[PDB]
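>
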Amino acid sequence: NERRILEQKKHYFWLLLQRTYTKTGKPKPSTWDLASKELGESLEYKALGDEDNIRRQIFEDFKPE
Numbered sequence: 005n006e007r008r009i010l011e012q013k014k015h016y017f018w019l020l021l022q023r024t025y026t027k028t029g030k031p032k033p034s035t036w037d038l039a040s041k042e043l044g045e046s047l048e049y050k051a052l053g054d055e056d057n058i059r060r061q062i063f064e065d066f067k068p069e
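Heads up, the sequence shown is in PDB author numbering, so the first residue is 5 and it goes up one at a time.
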């Protein structure tokens, strides 16, 4: 069920990470360190506070466009 939730959040955090850092809007950070530093406020990145390694990993793998 958390697997089902994780996938839901996967898309929504990409929706969040894209909403913030889109194609042309904001460049997708070179490192998740600066990403999360600026990101920390939008609660969808708090949706993976217990699934940290997942969130860092998807962020990098997201790829805009």
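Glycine included, C-beta positions come from ideal geometry on N, C-alpha and C.
Touch check for the region 19–29 and the region 45–53: three-plus C-beta pairs under 8 Å?
yes
> When the Cα atoms are used, what is the spatial distance from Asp65 to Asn5?
23 Å
> Residues in its own chain within less than 8 Å of residue 109 by CB, not counting five upstream and five downstream?
This structure cannot speak to residue 109, because the chain is shown only from 5 to 69.
> Short check: CB of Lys13 to CB of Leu38, under 8 Å?
no
> Rounded to the nearest angstrom, what separates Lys27 and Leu43 at their Cα positions?
16 Å
> At what residues does the alpha helix (DSSP H) containing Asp37 begin and finish?
Residue range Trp36 to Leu43 is occupied by the alpha helix (DSSP H) that includes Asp37.
> In this structure, does DSSP put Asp65 in helix, strand or coil?
helix
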